[PDB]
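Colleague: as a preliminary step, the opening chains of the complex are given here in situ:
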Amino acid sequence: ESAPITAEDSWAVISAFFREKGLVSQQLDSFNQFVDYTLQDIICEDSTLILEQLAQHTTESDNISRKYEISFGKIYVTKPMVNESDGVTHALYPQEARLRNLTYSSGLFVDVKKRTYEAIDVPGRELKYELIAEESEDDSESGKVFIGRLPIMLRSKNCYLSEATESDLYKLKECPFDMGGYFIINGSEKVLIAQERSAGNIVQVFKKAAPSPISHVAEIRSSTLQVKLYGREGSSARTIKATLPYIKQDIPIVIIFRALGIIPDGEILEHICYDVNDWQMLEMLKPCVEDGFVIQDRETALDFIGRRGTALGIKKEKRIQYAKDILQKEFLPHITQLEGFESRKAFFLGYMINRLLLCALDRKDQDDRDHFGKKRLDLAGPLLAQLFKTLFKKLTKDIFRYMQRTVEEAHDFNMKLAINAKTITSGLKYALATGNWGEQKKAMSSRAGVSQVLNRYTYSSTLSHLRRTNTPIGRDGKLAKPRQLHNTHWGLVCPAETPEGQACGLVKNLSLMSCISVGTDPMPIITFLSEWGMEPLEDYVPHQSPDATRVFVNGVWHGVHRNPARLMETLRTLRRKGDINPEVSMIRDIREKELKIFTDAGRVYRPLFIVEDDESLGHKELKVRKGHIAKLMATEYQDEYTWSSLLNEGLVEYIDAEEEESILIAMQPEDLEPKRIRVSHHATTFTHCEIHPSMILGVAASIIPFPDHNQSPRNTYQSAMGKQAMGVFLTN
Amino acid sequence: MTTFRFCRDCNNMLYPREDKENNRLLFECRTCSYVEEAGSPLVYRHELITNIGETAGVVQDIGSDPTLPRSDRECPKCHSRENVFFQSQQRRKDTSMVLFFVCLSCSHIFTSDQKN
């Protein structure tokens, strides 16, 4: 029962995987995340609306200043239903929406509370408002203000189809072979194809050809910061300059450090360079010190900043305050926004310029822009959140404008009249139907093709359509590198199946087991990380400990550490034992002494096995055994013991395209022990195994027989032509 | 090899200056009154081409990287036959393919090129 594993067990585990997740799980999970959590936060961002009407001083009775406060509360979502022209209300089902050209959607209810404050406007004195009237109907059903209608994706949590059995689907006349994952808009089925994006909060070092004085560039997007190094290699003149937002001329780096709060010159180099012995680092920083030594004053730099604003002739002190506020408000917002976090910003700027200068000293290379680990996929959820935020902002602006208008006439406003509930509904319906992802007024410049009409020609065509990703680069753009297949696509993208013509390589189809992460909070991770022996970045001195690992969380440096091996072992223990959900990625780079933790959304991951060293057998072996496979067979035939049972026991692990840079995988299980030509790989420190190589293929190419005896373009051609065969697209 | 020298008062780097009546070099801080006596006529250095031998880079805890290969060559110091080996980690274009071996036990660095 302690025996090794054979490929039959691999197919057993895959059978469990598809019996648990499904082929369209990504859309459903993104929609559930959006509806349950993000929708509440989008309104809670802008709950309070304020009107401050000062006294017109026309008469004594007009000397009272007024304040109006509007606040929002919970969100309630009903099951989809329709009200006919007669005013009768009945629950809407997909059949009626399809036949009658309706729109599958539901209604949204939000709590609203109002407050009125009145103060006596005494000139020369601060206004002291007092609570007088507060309208809050939380104790009655009239408090739920109807705000709009939201489309519903099939088979999601709210839809009636979620809990339907086979006889339920037949009496309602469903195809049991239908999976959901699409909207019904205007009586036609629509689907949202995943949209590819380049990640943010990651410093990237580039390079330039030299007809121009530019030599290197360091980029970060949080708001953008460019710290450029000018001066050719080997010359005496070295310049390092940063380009801040709303500052045009630009100013050097030592001036930035002086303005930021680090006055002494010796501390600058402790911020930049973390190794005392290296002399080339300081040699390249010498001209910066020489030029920045002339001015020991923040205020000259702040005067530099003040002149370049649109307003001209401002007094010096106001310019000082303005330039002071620019740093904490718009300079690297992804670290912090509130006041007093200057040490973190100074160290992060030092780290960025350190990495730029390291690349400038040929110790490393340019960042690869094609690496699939630096790309995120936007599903229905994020796109809906974007559009909902925009429309809600416009709607609340309109409410404020109308309420001001009715205050001008001294008329009480009905909250059920100030709201134009048609704005949200019309905007969402127009965006989903036309596909132009933007406002109706500015739809010309918005993204297109985001929403497409589902293809039902054959069943495999529906399957292939619900699993498609688009790379929003100009399809006539002559950039060859995004088109070509890249080393990081192993197991996450189908190599065979791609369109032909102008969309070659730009349209991608996932493999059978490449899921996507939903999103999770980073705060508990940071709290635990500081709990288990992490020194904060405030109390970090380079010279006391020059061999300290740096610690990152989603691209913001929080400090250092001294013994990282046990931290990684404990972190992976907790990730494997369910204390943290396995969608979080945790990489360690030994060569540069770095730790990176990612908890964001949009990362493609695939399952893999786990290799551990068994001393009783004297060598390594998988954690999985014949007992687990027997339990899987028992549960499958009984259709308990499921895929999550394997996951929580530390038998499988989800690996993205970034952690893969620091692992070793044995492809066949028998390759882990000490026709065709199969070579015995020299490795002996294996960490994971491939569940099965066949899964590196999509859904289209999983029907060719013996695909490896074929030239690859032939596999591509059949993956194309498999969507034009005639057959039973649905059993109903 | 010129070394930066910081003033003992405000940590600022010391600028050179000359003393004509005694004809001697001094280092002064432009912000305070500190002056210190130069010990050598070597203040600045500007090399052009680097004749640096290729370096293995960071070595600390390199034996726990599981993507690094192995070899059965014998240690020249502790006579152990297990070690890690890798190519030069400096990314110059023209670097040769000369290996570097780090011993497992004594953490001793050596190369496969035994030139006398």
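Modeller: Sure thing, it's come through. Residues are numbered from 1 along each chain as shown, chains lettered A, B, ... in the order given.

Colleague: hang on, isn't residue A:472 packed against residue A:195?
Modeller: Yes. In this structure, residue A:472 is within contact of residue A:195 by Cβ atoms under 8 Å, at 6.1 Å. All C-beta spots, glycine's among them, are computed from the backbone N, C-alpha and C.

Colleague: would you mind naming what in chain A lies close to chain B?
Modeller: Those residues of chain A that sit near chain B, judged by Cβ under 8 Å from any Cβ of the partner chain, are A:234, A:236, A:264-267, A:269, A:279, A:282, A:286, A:289, A:293, A:296, A:362-365, A:547, A:565, A:590-593, A:662-664, A:682, A:684-685, A:687.

Colleague: and stretch B:8-21, what's buried?
Modeller: For stretch B:8-21, the buried set under the neighbour-count rule, 16 or more other Cβ atoms under 10 Å in any protein chain shown, comprises B:10, B:11, B:12, B:13, B:14.

Colleague: which ones, among those, also lie beside chain A?
Modeller: On the criterion Cβ under 8 Å from any Cβ, B:10, B:11, B:12, B:13 are the entries of the buried residues of stretch B:8-21 that sit beside chain A.

Colleague: and the residue of the stretch 51-200 of chain A nearest chain B?
Modeller: Nearest to chain B, among the residues of the stretch 51-200 of chain A, is residue A:199, at 23.5 Å (Cβ to the nearest Cβ).

Colleague: more neighbours, residue A:472 and residue A:195?
Modeller: Neighbour totals were compared for residue A:472 and residue A:195, and residue A:195 leads with 20 against 14 (other Cβ atoms under 10 Å in any protein chain shown).

Colleague: and that one, bridged to which residues?
Modeller: In this entry, residue A:195 is beta-bridged to residue A:378, residue A:470, by DSSP bridges.

Colleague: same check, this time on residue A:131
Modeller: Under the criterion DSSP bridges, residue A:131 forms beta bridges with residue A:117.

Colleague: could you break chain B into its assigned domains?
Modeller: For chain B, whose domains are defined here by CATH domains of a matching chain, the residue ranges read B:2-46, B:47-116.

Colleague: is the longest one anywhere near chain A?
Modeller: Yes. Contact between domain B:47-116 and chain A is present through B:48, B:57-58, B:60-62, B:64-67, B:69-70, B:89-92 (criterion: Cβ under 8 Å from any Cβ).

Colleague: the following sequence is to be added as chain C:
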Amino acid sequence: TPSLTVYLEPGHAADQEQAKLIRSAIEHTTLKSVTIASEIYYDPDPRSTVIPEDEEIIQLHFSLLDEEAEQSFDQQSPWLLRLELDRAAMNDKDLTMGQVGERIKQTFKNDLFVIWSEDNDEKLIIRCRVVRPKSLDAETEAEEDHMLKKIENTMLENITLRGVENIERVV
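Modeller: Chain C goes in next, on the same frame as the chains above:
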């Protein structure tokens, strides 16, 4: 990728040596390419140094300088272009140390004088000391480094020992 193919004379076509002489006579050679260490050093008193290697070269020219050079001893900059020159690069272009190092360089603007050794020394060390009038202003004379770093850069970049412009390589 522009290019240019040159065919040699009928007599020199079959022999490699005249071909290499022509190749040296065509390629563009500049000072920055021929210095393994064109190091900007402090040269407060060029009369004597601490480094033993340049000390041998010192007495060579100090017994080999004319009366005008003896008068101009004070014109030599308080900083030095100390040229450790690579033997291989110098011999590759058939570049004699003295004639090419000094004739054209001093003829161009009478800007930089040199104490230079014969090629037989194990370390080819040149001392490039710029020449300026003593009539320089007091504020000017104080800012030695300010003039000399700039003129040293303009010296490395803008002096052509031999060759024709814009031709990066000849093969």
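
Colleague: now with chain C: the buried residues of stretch B:8-21?
Modeller: B:10, B:11, B:12, B:13, B:14, B:15, B:16.

Colleague: please tell me how far that stretch is from the chain's geometric centre.
Modeller: 27 Å (Cα atoms, centre = their mean, to the nearest Å).

Colleague: what's the first-to-last distance across it?
Modeller: One end of stretch B:8-21 sits 26 Å from the other (Cα to Cα, to the nearest Å).

Colleague: again, but for stretch A:335-348
Modeller: End-to-end distance for stretch A:335-348, by Cα to Cα: 9 Å.

Colleague: from the chain's centroid, how far away is that stretch?
Modeller: Using Cα atoms, centre = their mean, the distance from the centre of stretch A:335-348 to the centre of the chain it belongs to is 23 Å.

Colleague: what is the nearest of the buried residues of stretch B:8-21 to chain A?
Modeller: For chain A, the closest of the buried residues of stretch B:8-21 turns out to be residue B:11, at 3.1 Å, with distances computed as Cβ to the nearest Cβ.

Colleague: which ones are touching that closest one?
Modeller: Going by Cβ atoms under 8 Å, 6 or more residues apart in numbering or on different chains, residue B:11 touches A:264, A:265, A:266, A:267.

Colleague: rerun that using 10 Å as the cut-off
Modeller: With contact set as Cβ atoms under 10 Å, 6 or more residues apart in numbering or on different chains, residue B:11 has these partners: A:263, A:264, A:265, A:266, A:267, A:268, A:269, A:270, B:29.

Colleague: tell me which entries of these lie within helices.
Modeller: When helices are assigned by DSSP state H, the members of these inside them are A:265, A:266, A:267, A:268, A:269, A:270.

Colleague: scan these and report the most crowded one.
Modeller: Result: residue A:268 is most packed of the ones in helices among the contacts of residue B:11 (other Cβ under 10 Å), 24 neighbours.

Colleague: now name the helix or strand holding the residue lying closest to it once chain neighbours are set aside.
Modeller: Counting by Cβ to Cβ, 6 or more residues apart in numbering or on different chains, residue A:257 is the residue found nearest to residue A:268 once chain neighbours are left out, at 5.3 Å. With secondary structure defined by DSSP states H and E, residue A:257 is part of helix A:253-260.

Colleague: near chain A, which residues of chain C?
Modeller: Where proximity means Cβ under 10 Å from any Cβ of the partner chain, the interface of chain C facing chain A comprises C:32, C:40, C:149, C:150, C:152, C:153, C:156, C:157.

Colleague: add chain D to the structure above:
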Amino acid sequence: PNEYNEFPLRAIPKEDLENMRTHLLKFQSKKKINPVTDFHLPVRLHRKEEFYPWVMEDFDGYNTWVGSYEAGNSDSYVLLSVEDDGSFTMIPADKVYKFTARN
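Modeller: Chain D goes in next, on the same frame as the chains above:
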């Protein structure tokens, strides 16, 4: 090796903390600065709520320190005041200020 010493853990009541507001006073220097010699008593400390930075000037004006508030110190520090009985009393930390010397 199991010999240990005994330090009881005491505290300071609310009546003393009400009129005693604590503030972490941090000086930036590369040298061990002590007020016994480097400060000529008395010292003048004022603010010229966190908008005005702290200013600590000596009687002769030679030693002037300007202190700014550093925020985001997520470590809630504690003060361990030693009493006459050798016990340690806890004092919660309210604010932290960093001082630098005037040029």
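
Colleague: same question on the contacts of residue B:11, but with chain D included?
Modeller: Each residue near residue B:11 by Cβ under 10 Å, 6+ apart is listed here: A:263, A:264, A:265, A:266, A:267, A:268, A:269, A:270, B:29, D:30.

Colleague: tell me which two of those residues sit farthest apart.
Modeller: In terms of Cβ to Cβ, these reach their longest pairwise distance at A:270 and B:29, which sit 18.0 Å apart.

Colleague: briefly note if stretch A:208-220 comes near chain C.
Modeller: No. With Cβ under 10 Å from any Cβ as the threshold, stretch A:208-220 lies outside contact range of chain C, at a closest distance of 13.3 Å.

Colleague: got the buried residues for that stretch?
Modeller: In stretch A:208-220, residues buried by neighbour count (16+ other Cβ under 10 Å) are A:214, A:215, A:216, A:217, A:218, A:219, A:220.

Colleague: ok, the first one to chain C distance?
Modeller: Counting by Cβ to the nearest Cβ, to the nearest Å, the gap from residue A:214 to chain C is 19 Å.

Colleague: show the contacting residues for the closest residue to that residue other than its chain neighbours.
Modeller: Beyond its immediate neighbours in the sequence, the residue positioned closest to residue A:214 (Cβ to Cβ, 6+ apart) is residue A:208, lying 4.8 Å away. When the contact criterion is Cβ under 10 Å, 6+ apart, the partners of residue A:208 are A:214, A:215, A:216, A:217, A:228.

Colleague: the helices in chain C, which residues?
Modeller: For chain C, the helices defined by DSSP H cover C:16-26, C:52-62, C:67-72, C:87-92, C:97-98, C:104-109, C:138-142, C:144-157.

Colleague: write out the residues of the stretch 151-300 of chain A neighbouring chain C.
Modeller: Taking Cβ under 10 Å from any Cβ as the measure of proximity, the stretch 151-300 of chain A contacts chain C at A:234, A:235, A:236, A:237.

Colleague: out of those, which one sits closest to chain B?
Modeller: Chain B lies nearest to residue A:234 out of these, by Cβ to the nearest Cβ, at 6.1 Å.

Colleague: hang on, that closest one packs against residue B:49?
Modeller: Yes. With contact defined as Cβ atoms under 10 Å, residue A:234 and residue B:49 form a contacting pair (8.5 Å).

Colleague: of all the residues in the stretch 601-732 of chain A, which one is nearest chain C?
Modeller: Checked against chain C (Cβ to the nearest Cβ), the nearest residue in the stretch 601-732 of chain A is residue A:713, 32.3 Å away.
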